[PDB]
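Take a look at this single chain, the form deposited in one PDB entry, given in structure tokens.
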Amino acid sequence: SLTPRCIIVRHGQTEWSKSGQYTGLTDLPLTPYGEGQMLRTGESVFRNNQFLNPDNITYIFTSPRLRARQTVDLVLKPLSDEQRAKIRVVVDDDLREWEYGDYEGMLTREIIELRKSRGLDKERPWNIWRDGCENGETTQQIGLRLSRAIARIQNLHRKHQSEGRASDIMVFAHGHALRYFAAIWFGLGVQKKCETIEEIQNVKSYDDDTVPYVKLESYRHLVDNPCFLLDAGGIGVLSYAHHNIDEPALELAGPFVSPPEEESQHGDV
């Protein structure tokens, strides 16, 4: 049985993303170049079934944003209808971009200037991962919501594996969000217990009965930059050491997966 993966994909280029602007809840479309960019992506990741075999895909999660949903269609173009029917696509609000608040639409340079004029960052420079965004999200808020996504996904993965099924789940979302996502997948940042009303409640971010909700004891958030680079159309491959869904890991993935019988990993413990 194949080791499960969660394969994260940033939406294609939008106008703001190309220009360095922070795009959160603003619902921009893919630019023409962005479209072609995701069309060629899907083509390249499905080519001959070596990197991604549509038979092994169980779930595809998507941020509600247009740009992300557009990317789903475009990347999945090489699939047949038969292939598409076996796959569940779930819209999940937990997957949105960091809510930029006051900073929506701005450039870094501008954010710094705006904050400076407000008396902020007097001792150290702004750092979104620590500080979050005025009238937008703190690092804890996005850590939390991403953690519930992750736990849902890992839970599907465990059930699938335990059923003897291979399972590739995809996530199409955003630049800050996915870097964040991948950072906590493999253990960066800090563990915090779920205490406040927000930290405990079911905010109902998706509507799909076949995706069990995972009620978290605790969650993860970052306090600093994880140092990931993720351009539009960038892909990350998240997964597991020693076939153990308890040892989440970031995969340095080559163009094709080895069958378990041909894999090269040391044993656990």
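From 1 onward, residues are counted along the sequence shown. Heads up, when I say rigid core I mean the largest set of C-alphas that superpose within 1.5 Å between the two forms.
Stretches 168-176 and 187-195 differ in mean CA B factor, with 187-195 having the higher one.
Higher mean CA temperature factor, per the PDB entry, when comparing 143-151 with 120-128: 120-128. In the PDB entry, the Cα temperature factor peaks, among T31, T62, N49, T26, at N49. Among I57, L66, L230, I200, the highest C-alpha B-factor in the deposited entry belongs to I200. Annotation for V257: CA B-factor lies in the highest third of the chain's modelled residues. Compared with the other modelled residues of the chain, the Cα B-factor recorded for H157 ranks in the lowest third. Sort the modelled residues of the chain by CA B factor and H243 lands in the middle third. In the deposited entry, the Cα temperature factor of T3 sits in the middle third of values across the chain's modelled residues. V223: CA B factor in the middle third of modelled residues in this chain (values from the PDB entry).
From this point on, the text means the form deposited in another entry, which you will not see here.
For the residue set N244, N225, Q50, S44, core-aligned C-alpha shifts between this form and the one not shown reach 2 angstroms or more at a single site, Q50. Core-aligned CA deviation for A253 between this form and the one not shown: 2 Å or greater. Legend note: Cα of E82 to Cα of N48 is at least 3 Å farther in that other deposited form than in the depicted form. Pairwise change in that other deposited form: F256 and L188 C-alpha atoms lie closer than in the shown form, at least 3 Å.
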